[PDB]
Amino acid sequence: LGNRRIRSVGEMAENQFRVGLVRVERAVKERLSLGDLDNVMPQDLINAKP
DNA sequence: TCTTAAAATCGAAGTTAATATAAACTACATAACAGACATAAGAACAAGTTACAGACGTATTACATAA
């Protein structure tokens with residue numbers, strides 16, 4: 001049992017949230033690379049639905 | 001003749017009922033929807049054509065009455 005671990009609701013919630021965050025981060029990096037960022041707000045860059 | 005990667009299999013019922021991310025403008029042709037008209041089909045009324053029924057009228061026979 002020192003070689004097997006317990007993973008609870010907090011850990012897997014964190015894991016899935018991090019997966020969604022990476023999913024957002026890919027598109028955010030794609031958008032930031034364009035350059036035209038004069039009229040962009042932080043709420044116009046991320047994607048809450050993933 | 002000996003490794004080494006693939007290929008295939010692994011009990012019945014029973015229950016069970018799904019998800020959820022990520023160009024715009026313009027030009028043209030076609031299909032669909034609505035309205036109106038004509039047509040075909042049925043409903044209604046009235047008449048005509050025809051035979052039979054229902055009770056009457058007639059014809060026939062038998063009884064009664066008159067000579």
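All values below come from the heavy atoms of this structure, side chains included, with hydrogens, waters and symmetry mates left out. By convention in this document, chain letters (A, B, ...) are assigned in the order of the sequence lines, proteins followed by strands, and residues within each chain are numbered from 1.
Judged by ring centres closer than 5.5 Å and planes tilted by less than 30°, the bases of B:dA17 and B:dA18 are not stacked on each other. Both conditions, centre separation below 5.5 angstrom and plane angle below 30 degrees, hold for the six-membered rings of B:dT19 and B:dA20.
By the criterion of side-chain heavy atoms lying less than 4.5 angstrom apart, applied directly or through intervening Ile, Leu, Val, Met, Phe, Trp or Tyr residues, A:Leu45 is not grouped with A:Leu21; the two fall into different hydrophobic clusters.
The CZ-P distance, from A:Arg31 to B:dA22, rounds to 17 Å in whole Å. Rounded to an integer number of Å, the gap from A:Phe17 CZ to B:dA20 P is 22 Å. Here the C1' atom of nucleotide B:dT21 and the CZ atom of A:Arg18 are 17 Å apart, to the nearest Å. Across the protein-nucleic acid pair, A:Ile46 atom CD1 and B:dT21 atom P stand 16 Å apart, rounded to whole Å. The separation between A:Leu45 atom CG and B:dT21 atom P is 21 Å, rounded to whole Å. Summarising the geometry, the separation between NZ on A:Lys29 and P on B:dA22 is reported as 19 Å, rounded to the nearest angstrom. Following rounding to the nearest Å, A:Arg23 (CZ) and B:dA20 (P) show an atom-to-atom distance of 12 Å.
Sugar pucker at B:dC52: south, on the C2'-endo side, as the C1'-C2'-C3'-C4' dihedral is below zero. A positive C1'-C2'-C3'-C4' torsion places the sugar of B:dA12 in the north, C3'-endo-side range. A positive value of the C1'-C2'-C3'-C4' dihedral assigns B:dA13 to the north, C3'-endo side. Nucleotide B:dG11 shows a positive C1'-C2'-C3'-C4' value and thus a north, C3'-endo-like sugar. Sugar conformation at B:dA24 is south: the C1'-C2'-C3'-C4' dihedral has a negative sign, consistent with the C2'-endo side.
Minimum interatomic distance between A:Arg31 and A:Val40 (heavy atoms only, all atoms of both residues): NH2-CG1, 3.5 Å.
Classified by its glycosidic torsion, B:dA20 falls in the syn category, the angle being within 90° of 0. For B:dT16, the base adopts the syn conformation, since its glycosidic angle falls within 90 degrees of zero.
Between A:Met12 and A:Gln16 there is no side-chain heavy-atom pair separated by less than 4.5 Å.
In this structure, A:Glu14 does not pair ionically with A:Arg18, as no charged nitrogen and carboxylate oxygen lie closer than 4.0 Å.
Residue A:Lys49 places at least one side-chain N or O under 4.0 Å from the OP1 or OP2 atom of B:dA22.
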